[PDB]
Amino acid sequence: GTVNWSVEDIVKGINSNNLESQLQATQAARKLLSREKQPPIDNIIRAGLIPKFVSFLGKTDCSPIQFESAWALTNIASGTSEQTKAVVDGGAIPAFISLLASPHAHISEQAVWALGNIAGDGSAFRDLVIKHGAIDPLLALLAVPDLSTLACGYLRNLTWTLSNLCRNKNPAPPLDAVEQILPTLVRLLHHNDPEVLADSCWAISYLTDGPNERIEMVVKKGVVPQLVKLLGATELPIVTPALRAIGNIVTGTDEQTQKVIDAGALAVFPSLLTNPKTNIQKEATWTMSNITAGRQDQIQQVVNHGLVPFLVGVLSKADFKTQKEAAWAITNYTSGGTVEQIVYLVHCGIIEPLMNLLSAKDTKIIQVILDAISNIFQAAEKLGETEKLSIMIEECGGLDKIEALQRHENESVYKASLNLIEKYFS
Amino acid sequence: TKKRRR
Amino acid sequence: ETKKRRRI
């Protein structure tokens with residue numbers, strides 16, 4: 001019975017000069033720390049136990065206590081930053097890296113998990129694990145001809161820990177470390193386990209969340225087609241990270257955006273823009289807005305894939321945050337589109353849902369919508385149809401909303417609305 | 001750039 | 001995703 005010990009009892013055994021007594025007390029600690037109901041992490045720390053557990057990690061002659069202390073420390077490091085700091089301050093990082101070479105797979109697996117929790121705390125501990133040299137021995141655990149010969153849960157823990165070494169910003173991970181890890185990530189992105197695939201996508205989503213140079217590192221490895229494939233998965237835990245990565249990539253250059261289009265991404269958006277999960281719809285529309293902010297041949301691909309009606313749809317009815325991203329998508333479209341393309345947008349029914357959003361209580365969206373209108377009127381000037389458009393806006397309740405906005409707090413608001421009235425409604 | 005980031 | 005994981 002190593003179930004239900006007190007912290008006092010645990011200390012009494014760990015302080016005995018008896019390796020087996022110490023092993024029993026350490027397993028008692030592990031069991032305390034792995035219960036679902038409020039594990040006593042702070043009590044264990046305050047008792048002074050972390051250095052003892054860390055020293056046990058190196059008892060190569062007694063693998064069972066290696067395992068139990070590894071598990072106990074993993075769960076202490078699963079806590080707050082203060083609690084994770086206590087494990088790091090105990091010297092655990094070099095000890096856990098040594099354990100990655102254990103002949104016992106359940107012990108090296110536990111060291112992988114622990115290092116994951118430590119790197120997961122944030123930039124500084126992530127960089128400290130990398131400085132202690134964790135990356136080489138981690139990648140060596142995956143150097144096998146066929147990943148399917150590894151145990152499912154073992155491979156899942158490795159992938160998870162690798163994703164945490166790619167995670168966080170200010171600063172982003174070291175470029176040399178990212179180069180070392182990317183080949184393996186690419187391989188894991190082609191493995192058939194849903195969990196490996198979700199964490200592999202999260203990892204790529206972290207790496208692509210930066211300057212164009214970071215994006216380029218990823219795009220150069222050729223993973224965009226595989227990302228678009230996973231974008232079409234049925235498992236929402238895969239789609240979510242894959243969509244986030246595609247969206248990061250289209251914040252880049254027009255040349256990087258094009259590789260996403262060339263890979264087929266736009267064919268998946270009819271479903272993404274009608275997806276029942278609000279965050280999918282939000283992220284798909286933000287991605288669309290960064291695509292309508294590209295070249296005119298790229299706006300044209302949006303048109304050819306039949307996505308303008310779906311943007312009209314999201315503008316008409318969706319969570320407000322999604323509608324806001326849809327408005328951005330329209331302003332970018334009208335700002336960089338041809339005349340023919342802006343005409344098409346109007347013929348798809350954009351004006352009424354655009355007008356209905358002017359009575360929203362968000363200052364920024366109103367600015368966005370007014371810019372878009374302005375842009376459309378400019379295209380109507382070029383066709384000398386500014387009157388037809390004025391009538392249209394009048395017929396759906398639009399002129400009322402624009403005139404009311406003239407007497408509105410913000411400056412850009414009253415300036416832009418007053419301009420429109422003077423210029424097209426006189 | 002009209003492109004917006006996260 | 002899930003920053004940090006406890007083993008139960």
Side-chain angles (χ1 to χ4, degrees), chain A residues 26 30 33-34 50-78 84 86-121 124-167 173-174 176-185 187-188 191 193 195-196 199-200 203, chain C residues 3-7:
Chain A
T26 296
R30 180 264 284 182
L33 296 162
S34 58
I50 279 166
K52 297 292 314 196
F53 291 156
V54 165
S55 73
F56 293 161
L57 291 176
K59 287 191 183 305
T60 324
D61 36 3
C62 175
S63 88
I65 198 174
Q66 281 185 310
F67 178 59
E68 296 287 341
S69 61
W71 185 340
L73 286 166
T74 293
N75 282 1
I76 295 169
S78 76
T84 300
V87 172
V88 171
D89 287 341
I93 289 174
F96 275 130
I97 288 169
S98 294
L99 274 194
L100 289 175
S102 162
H104 299 110
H106 71 291
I107 289 174
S108 78
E109 184 184 28
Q110 202 56 57
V112 169
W113 189 330
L115 288 172
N117 275 345
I118 291 163
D121 184 65
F125 280 159
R126 175 201 72 210
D127 293 342
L128 190 50
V129 174
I130 292 168
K131 272 188 182 305
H132 278 81
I135 289 180
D136 277 85
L138 291 162
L139 300 178
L141 292 173
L142 292 168
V144 299
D146 179 9
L147 294 173
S148 289
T149 71
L150 300 170
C152 177
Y154 191 85
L155 187 59
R156 285 174 184 186
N157 274 310
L158 266 152
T159 300
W160 177 71
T161 291
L162 288 178
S163 88
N164 268 358
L165 289 169
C166 301
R167 187 170 188 166
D176 46 321
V178 175
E179 295 265 275
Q180 206 179 355
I181 291 176
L182 256 174
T184 301
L185 275 185
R187 189 144 81 102
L188 294 158
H191 190 70
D193 182 75
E195 278 221 21
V196 173
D199 282 329
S200 281
Chain C
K3 161 241 182 210
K4 296 189 183 181
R5 288 163 56 237
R6 192 160 62 91
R7 180 168 177 168

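Here is how names work: the chains are called A, B, and so on, in the same order as the sequence lines, proteins then strands, and each is numbered from 1. Worth knowing before you read on, the calculation uses all heavy atoms, side chains too, and leaves out hydrogens, waters and symmetry mates.
Under the 4.0 Å criterion applied to side-chain N and carboxylate O atoms, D199(A) and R156(A) are not assigned as salt-bridge partners.
In this structure, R5(C) and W160(A) have side chains that are in contact, with non-hydrogen atoms separated by less than 4.5 Å. Using a 4.5 Å cut-off on side-chain heavy atoms (C-beta onward), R6(C) and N117(A) make no contact. Using a 4.5 Å heavy-atom threshold, the side chains of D193(A) and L147(A) count as separate. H191(A) has its side chain within reach of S148(A): a pair of non-hydrogen atoms, C-beta onward, lies under 4.5 Å apart. Side-chain contact between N164(A) and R126(A): absent, with no pair of heavy atoms (C-beta onward) separated by less than 4.5 Å. In this structure, the side chains of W71(A) and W113(A) stay at 4.5 Å or more apart for every pair of heavy atoms.
Side-chain N or O atoms of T84(A) include one that pairs as donor or acceptor with a backbone N or O of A77(A) at under 3.5 Å. At least one donor-acceptor pair closer than 3.5 Å links the side chain of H132(A) to the backbone N or O of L128(A). Between the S102(A) side chain and the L99(A) main chain, no donor and acceptor come within less than 3.5 Å of each other.
Going from atom CG of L139(A) over to atom OG1 of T184(A) covers 4.5 Å, rounded to the nearest 0.5 Å. Expressed to the nearest 0.5 Å, how far CG of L33(A) lies from CG of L73(A) amounts to 9.0 Å. Summarising the geometry, atom CD1 belonging to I93(A) is positioned 7.5 Å from atom CG belonging to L115(A); distances are rounded to the nearest 0.5 Å. To the nearest 0.5 angstrom, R167(A) atom CZ is 11.0 Å from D121(A) atom CG. Note that the OG atom of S108(A) and the CG atom of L141(A) stand 5.5 Å from one another [nearest 0.5 Å]. From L188(A), atom CG reaches atom CG of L158(A) across 8.5 Å, with rounding to the nearest 0.5 Å.
The nearest pair of heavy atoms linking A111(A) to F96(A) is CB-O, 3.4 Å. Closest approach of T74(A) to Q110(A), counting heavy atoms only: OG1-NE2, 3.1 Å. Closest approach of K4(C) to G120(A), counting heavy atoms only: CE-C, 4.5 Å. The two residues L185(A) and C166(A) have their closest heavy-atom pair at CD1-SG, 4.1 Å. In plain terms, the two heavy atoms of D127(A) and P174(A) that are nearest each other are OD1-CD, 3.6 Å. Nearest heavy atoms, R30(A) versus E68(A): NE-OE1, 2.7 Å.
The environment of NZ in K131(A) is sparse: at most 12 heavy-atom neighbours from other residues, nucleotides or ligands sit within 6.0 Å.
With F53(A) as the fixed residue, the side chain to side chain contact (heavy atoms under 4.5 Å, CB included) test singles out one of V87(A), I65(A), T26(A): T26(A).
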